[PDB]
Amino acid sequence: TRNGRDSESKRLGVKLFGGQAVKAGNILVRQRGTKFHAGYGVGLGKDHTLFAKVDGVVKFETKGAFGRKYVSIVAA
Amino acid sequence: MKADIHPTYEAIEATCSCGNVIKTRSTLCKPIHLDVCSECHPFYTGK
Amino acid sequence: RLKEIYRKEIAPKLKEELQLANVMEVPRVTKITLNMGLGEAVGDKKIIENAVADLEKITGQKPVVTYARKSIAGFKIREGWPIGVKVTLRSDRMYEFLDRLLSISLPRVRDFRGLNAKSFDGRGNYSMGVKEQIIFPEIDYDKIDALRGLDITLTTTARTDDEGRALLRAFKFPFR
Amino acid sequence: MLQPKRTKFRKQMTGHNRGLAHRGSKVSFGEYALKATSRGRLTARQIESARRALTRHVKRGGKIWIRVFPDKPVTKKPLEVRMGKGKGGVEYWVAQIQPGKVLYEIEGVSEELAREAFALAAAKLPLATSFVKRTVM
Amino acid sequence: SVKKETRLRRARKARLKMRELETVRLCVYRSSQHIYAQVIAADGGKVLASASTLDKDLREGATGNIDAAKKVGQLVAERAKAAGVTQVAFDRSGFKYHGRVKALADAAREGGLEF
Amino acid sequence: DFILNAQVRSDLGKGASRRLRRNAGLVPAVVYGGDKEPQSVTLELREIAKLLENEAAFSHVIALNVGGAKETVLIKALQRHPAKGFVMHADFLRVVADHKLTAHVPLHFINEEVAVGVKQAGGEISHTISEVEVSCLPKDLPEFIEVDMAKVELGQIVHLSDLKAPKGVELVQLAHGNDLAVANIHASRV
RNA sequence: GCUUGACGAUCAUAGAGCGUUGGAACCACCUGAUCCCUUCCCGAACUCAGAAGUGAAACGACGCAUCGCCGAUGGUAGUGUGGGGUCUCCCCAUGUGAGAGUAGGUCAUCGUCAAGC
RNA sequence: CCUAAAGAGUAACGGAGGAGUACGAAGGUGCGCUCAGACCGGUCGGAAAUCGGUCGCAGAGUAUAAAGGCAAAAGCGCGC
Ligand SMILES: [Mg+2]
Ligand SMILES: [Mg+2]
Ligand SMILES: [Mg+2]
Ligand SMILES: [Mg+2]
Ligand SMILES: [Mg+2]
Ligand SMILES: [Mg+2]
Ligand SMILES: [Mg+2]
Ligand SMILES: [Mg+2]
Ligand SMILES: [Mg+2]
Ligand SMILES: [Mg+2]
Ligand SMILES: [Mg+2]
Ligand SMILES: [Mg+2]
Ligand SMILES: [Mg+2]
Ligand SMILES: [Mg+2]
Ligand SMILES: [Mg+2]
Ligand SMILES: [Mg+2]
Ligand SMILES: [Mg+2]
Ligand SMILES: [Mg+2]
Ligand SMILES: [Mg+2]
Ligand SMILES: [Zn+2]
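Protein chains in written order, with my numbering: chain B, 1 to 76; chain L, 1001 to 1047; chain U, 2001 to 2176; chain Z, 3001 to 3137; chain E, 4001 to 4115; chain G, 5001 to 5190.
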């Protein structure tokens, strides 16, 4: 056997789901690459982390050309 | 066209021994004497 | 020059020889690009400027060197290595070169009954070949390095090669 | 003995064999076929041995199709070897078989001659088999 | 055409930045005869003020040079004030910021509104 | 004779359909087409299977008596148990006098014993497809397309474009620029 | 109420392909390189100054389902809970329910502003 | 990366691959541009160099494994 290796799990994924109340600075999605793109009121980190710049409600809409998926914040 | 990177380019004159002169601007800076041209070439006429 | 010769009579005659309706659809010649592919100088690097120095005299315009798009070691080259120079001639410079090509140098090279008329691609562009540069003037025979093979290409707004040949039938091309 | 010329990976997990065959259950090419009624798996030594018995019986004209390809490697741990210490080396190749899958086809022969030929092939295979013709749909 | 489709791609980066920031946009358009200017409200939906060389006081004939753009650039600044707009962004729409568009912008700066 | 009797089906779903086949010996079915809404029916298993050993079962028009009403339909698709082979579900396409319909029509190969490629050069016949897709008005729908292979030399290929269709019948696949081979003659296997 | 141009909403039922068609204004091609600016060479692109030509190309509009894209009903596969069997797998009661295929559909639908008709 | 049972996490002497660096520009910014490949024509190279044209849309590329991304290109060039 010449196989026994693996790496620690990074705990990626959606942290806040749709309809939830966000506060500014909260982390929304942890990603490799941009599987979700930043919408209104959402910024992108230097490792493709989606966080919140304003307060409100998570939206999770897909729109526009290229058929992307957008995470935005709307008024509660 | 840019400035001061290209050769001087001038009108000159050309003369062929068959009694032919054609105007052509070029970079010789000196008129030259030709020997064969399209007026006197064999395979331009039918030989 | 040939520029006057073209638009004064070549265009009206060519308009009827093809049954064309619009004066905008008459074929026309846009640019002439020469180049010369230097397979050698991979181990010399010194003829490159000689190859450059030659090509302003022929054209009256400064050429530019082109590099290898890929390595391919069969030809013993590496990516980004100087392989050949090229020039582009447009508008008045190409017309005077064209006159300087039809009858100053083409009749006197060494040989040939003419030029083949099958050297057209599918879209009415003609390209020919020149074995020895010395066929041109302004390059004397007693101050040259080894003879090198310049190339000539013609680009025209001809939809197909049928009327592209008709346009090159004007300008009096020696076609066999 | 059929096996892939090359594979992306050397080994495979045992997996499971469930469901019926809604794909590959029709007589596509020939006119008479041998269908599978029970599930199991054919080991590429049975597939060859049942093809030899089938073509030898006809031996006059006709055309024969094989519709099963063994492309799942299986391993065996050598004898007098403890448990663990890696996964065993590949031994042979098998094809997963579900009820309703068509195994062999033939045409260019009589309808009856097909029955004796498929009965000779069916005796070399470790599963229950059926004889079917081709319908329009 | 290749010329127009390549420019419309040159204009996308700045037009997609002025939406993230959510600011009022001053958009300039140039052709071989005329030059245009518009004020786009906040998201592209609505137009607030606009001026061009087509109005019935620039229809004179020298409609396509530098000093024709200067009159349009300072004309929209007057009309922008009536809409109570200021602190806008400039959108060259992919054209180079060198000639007629620069004269139209440089008139708007002196025209009263600030970028 | 191409007659079927069906009764209106009201209880749907997986549990209700599995009961029909297990207890009552019936078969669920669909009647769509024309300009009408689809209707769900059920019919006897021993009767639908009795109609299915006619050669022109799918190439002939049927008069489906639903309850007390009657209508003109054609077998469009057919579901069968993959292992046992009995029919599990069938759907009919309504027929309208002025409307093109597609169908699967079988092929009859004739005078094979007269084929030139067999007697003279000792070849072998291999039918590649026994059905075609057609498109014709229901008034001129053919029972079978007859393909003739008397005058076929050894090694000759018979395509769709080489056969003859009746008046007002289209081969669909040929119309789409794809004329796939029908049959051939080849040398004996060994 | 119609045509043209600019900016958006929406991302193929909105696309591709084929055919016809528009120049009064707009637009494009166009003329020229003195001037601003430009080409690892070149007025090709970018820029400037324009008004002889042409709607050839590009673009817009109107047509056709040929390709693409959407796409039912019904049935089938899978499945949570409870119970069975001949238990490597399946069945029953109840809730849920695709993918593919079939009938068929589609040559889009809107907002603001500016010039005209 | 799979096992891993569509939130996270999850073992075996289970199945497969990499790391113990590189870069003062390979970082920042403003401006500009699109690939691989196929075919046709062209002087020696010739299946494959440099050149022109048509098609193509990402089958290319990303300092470095694989996965997830990439048109406001995150890919390529230049000035500061
Ligand atoms: Mg391991
Ligand atoms: Mg490992
Ligand atoms: Mg782990
Ligand atoms: Mg940051
Ligand atoms: Mg296991
Ligand atoms: Mg399957
Ligand atoms: Mg950019
Ligand atoms: Mg159930
Ligand atoms: Mg121009
Ligand atoms: Mg359903
Ligand atoms: Mg359902
Ligand atoms: Mg569906
Ligand atoms: Mg889970
Ligand atoms: Mg998980
Ligand atoms: Mg544990
Ligand atoms: Mg290691
Ligand atoms: Mg980088
Ligand atoms: Mg090339
Ligand atoms: Mg872009
Ligand atoms: Zn002479």
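Ideal Cβ placement from N, Cα and C applies to all residues, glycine included.
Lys3077(Z) beta carbon near ligand 4 (any heavy atom closer than 7 Å):
As a position in the fourth sequence, residue 3077(Z) is number 77, starting the count at 1. Ligand 4 never approaches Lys3077(Z) closely enough for any of its heavy atoms to be under 7 Å from the residue's Cβ.
Chain Z residues whose Cβ lies nearer than 9 Å to that of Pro5106(G):
Counting from one through the sixth sequence, the residue named residue 5106(G) turns up at place 106. Here the neighbours are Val3136.
Which residues mark the beginning and the end of the alpha helix (DSSP H) in which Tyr1044(L) is found?
Within the second sequence, residue 1044(L) is the residue found at index 44, counting from 1. Note, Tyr1044(L): premise wrong, no alpha helix (DSSP H); not H, not E.
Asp1004(L) - DSSP class collapsed to helix/strand/coil:
Counted from its first residue, the second sequence places residue 1004(L) at position 4. DSSP places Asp1004(L) in coil when its eight states are reduced to three.
Just to confirm my understanding: we take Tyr2095(U), look at its own chain, exclude 5 residues before and 5 after, and list those with CB closer than 6 Å. What are they?
Taking the first residue of the third sequence as 1, we reach residue 2095(U) at position 95. Around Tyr2095(U): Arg2001, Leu2002, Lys2003.
Residues of the segment 3004 to 3025 of chain Z whose Cβ lies closer than 8 Å to any Cβ of chain G, in chain order:
Of all residues in the segment 3004 to 3025 of chain Z, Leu3020, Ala3021, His3022, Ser3025 have a Cβ within less than 8 Å of some Cβ in chain G.
Reduced DSSP category for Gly3089(Z) - H, G, I as helix; E, B as strand; rest coil:
For the purposes of this step, residue 3089(Z) is identified with residue 89 of the fourth sequence, where counting begins at 1. Reduced to three states, the DSSP call for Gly3089(Z) is strand.
Count the other CB atoms, across all protein chains shown, that sit within 10 Å of the CB of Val2087(U); report buried if there are 16 or more and exposed otherwise.
Start at 1 with the first residue of the third sequence, and residue 2087(U) comes out as number 87. The residue is buried, with at least 16 neighbouring Cβ atoms inside 10 Å.
Can you tell me which of the three DSSP states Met2128(U) falls into?
Locating residue 2128(U) in the third sequence gives position 128, where the first residue counts as 1. In this structure, DSSP gives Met2128(U) an extended state, which the three-state scheme calls strand.
With H, G and I counted as helix, E and B as strand and the rest as coil, what does DSSP make of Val22(B)?
Residue numbering aside, residue 22(B) sits at position 22 when the first sequence is read from its first letter. Strand.
Short of 7 Å Cβ to Cβ, which residues in the segment 3109 to 3122 of chain Z face chain G?
Within the segment 3109 to 3122 of chain Z, no residue qualifies.
Grab me the residues of residue 3174(Z)'s own chain with a C-beta within less than 7 Å of its C-beta, minus the 5 sequence neighbours each way, in chain order.
Beyond the ends of chain Z as shown, which are 3001 and 3137, falls residue 3174(Z); an answer cannot be given.
N-terminal and C-terminal residue of the alpha helix (DSSP H) that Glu4078(E) is part of:
Mapped onto the fifth sequence, residue 4078(E) falls at position 78. Element bounds for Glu4078(E): 4066 to 4082.
Reducing DSSP to helix, strand and coil, say where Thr4023(E) ends up.
Counted from its first residue, the fifth sequence places residue 4023(E) at position 23. When DSSP states are grouped into helix, strand and coil, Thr4023(E) belongs to the coil group.
The alpha helix (DSSP H) spanning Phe3118(Z) covers which residue range?
Against the fourth sequence, residue 3118(Z) aligns to sequence position 118. 3111 to 3122 is the span of the alpha helix (DSSP H), which, as asked, contains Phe3118(Z).
Taking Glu5044(G) as the query, report the chain Z residues whose CB atoms sit under 9 Å from its CB, ordered along the chain.
The count along the sixth sequence starts at 1 and reaches residue 5044(G) at position 44. Residues of chain Z passing the Cβ test: none, with the nearest at roughly 20 Å.
State yes or no: is the C-beta of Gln5007(G) within less than 8 Å of the C-beta of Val5041(G)?
Residue mapping note: residue 5007(G) aligns to position 7 of the sixth sequence, counting from 1. Residue mapping note: residue 5041(G) aligns to position 41 of the sixth sequence, counting from 1. A contact, by the Cβ cut-off of 8 Å.
For a cutoff of 8 Å on Cβ pairs, would you count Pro3099(Z) as touching chain G?
Stepping through the fourth sequence from its first residue, residue 3099(Z) is reached at position 99. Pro3099(Z) counts as touching chain G.
Just grab the DSSP bridge partners of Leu2154(U) for me.
Along the third sequence, one-based indexing puts residue 2154(U) at 154. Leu2154(U) is bridged by DSSP to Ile2032(U), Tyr2126(U).
Considering only C-alpha positions, which residue in the set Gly5067(G), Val5073(G), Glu5047(G) is nearest to residue 4998(G)?
An answer regarding residue 4998(G) cannot be provided, because it is not within the stretch 5001 to 5190 covered by chain G.
Who are the neighbours of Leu2102(U) on chain L, taking C-beta pairs under 8 Å?
By one-based count along the third sequence, residue 2102(U) stands at place 102. Ordered by position in chain L, the residues that pass the 8 Å Cβ test against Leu2102(U) are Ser1038.
In or out: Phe3069(Z) buried (at least 16 other Cβ within 10 Å) or exposed?
On the fourth sequence, residue 3069(Z) is found 69 positions in, with the first residue counted as 1. It is exposed - the Cβ of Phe3069(Z) has fewer than 16 other Cβ atoms within 10 Å.
Within the same chain, show all residues whose beta-carbon is closer than 7 Å to that of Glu4114(E), passing over the 5 residues directly before and after it, in chain order.
Position 114 of the fifth sequence holds residue 4114(E). Taking C-beta separations shorter than 7 Å and ignoring five residues to either side along the sequence, the partners of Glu4114(E) in its chain run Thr4086, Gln4087, following chain order.
For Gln3046(Z), does the three-state DSSP call read helix, strand or coil?
Working through the fourth sequence from its first residue, we reach residue 3046(Z) at position 46. Looking at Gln3046(Z) - three-state DSSP - the assignment turns out to be helix.
Identify whether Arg4015(E) lies in helix, strand or coil by the three-state DSSP scheme.
Looking up residue 4015(E) in the fifth sequence gives position 15. Collapsing the DSSP output to three states places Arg4015(E) in a helix.
Which partner residues does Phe3131(Z) have in the DSSP bridge list?
Against the fourth sequence, residue 3131(Z) aligns to sequence position 131. Bridge partners of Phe3131(Z): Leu3034(Z).
Cβ of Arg2110(U) within 8 Å of any chain L Cβ
Along the third sequence, read from residue 1 onward, the residue named residue 2110(U) stands at position 110. For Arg2110(U), no CB of chain L lies under 8 Å from its own CB, so it is not counted at the interface with that chain.
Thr1015(L) at chain U interface by Cβ criterion, 8 Å:
Here residue 1015(L) refers to the residue found at position 15 of the second sequence. It does not; no Cβ of chain U falls within 8 Å.
Going along the segment 3046 to 3064 of chain Z in order, which residues come within less than 7 Å of chain G, judged by CB to CB distance?
The residues in question are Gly3061, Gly3062, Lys3063.
Nearest-angstrom Cα distance between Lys5076(G) and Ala5103(G)?
Along the sixth sequence, one-based indexing puts residue 5076(G) at 76. Along the sixth sequence, one-based indexing puts residue 5103(G) at 103. Going from the Cα of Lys5076(G) to the Cα of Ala5103(G) covers about 7 Å.
If you measure between the beta carbons of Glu5112(G) and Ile5125(G), is that distance less than 8 Å?
Within the sixth sequence, the letter at position 112 stands for residue 5112(G). Within the sixth sequence, the letter at position 125 stands for residue 5125(G). Cβ atoms of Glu5112(G) and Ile5125(G): closer than 8 Å.
Can you give me the Cβ contacts of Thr4063(E) inside the same chain, cut-off strictly under 7 Å, excluding the 5 residues immediately before and after it?
Numbered from 1 along the fifth sequence, position 63 holds the residue referred to as residue 4063(E). Result list for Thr4063(E): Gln4033, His4034, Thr4053, in chain order.
Any beta carbon of chain G sitting closer than 8 Å to that of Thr3129(Z)?
Mapped onto the fourth sequence, residue 3129(Z) falls at position 129. Not an interface residue.
CA-CA distance, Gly13(B) and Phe36(B)?
As a position in the first sequence, residue 13(B) is number 13, starting the count at 1. As a position in the first sequence, residue 36(B) is number 36, starting the count at 1. For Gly13(B) and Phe36(B), the distance between alpha carbons rounds to 10 Å.
Within 8 Å, do at least three Cβ pairs link the segment 5034 to 5054 of chain G to the segment 5087 to 5099 of chain G?
With a cut-off of 8 Å, the segment 5034 to 5054 of chain G and the segment 5087 to 5099 of chain G count as touching, because enough Cβ pairs lie within range.
Run down chain Z in chain order and give the residues with a C-beta less than 8 Å from the C-beta of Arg5189(G).
As a first step, residue 5189(G) must be located in the sixth sequence, where it is residue number 189. Close to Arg5189(G), with beta-carbon spacing below 8 Å, are these residues of chain Z in chain order: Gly3061, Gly3062, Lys3063.
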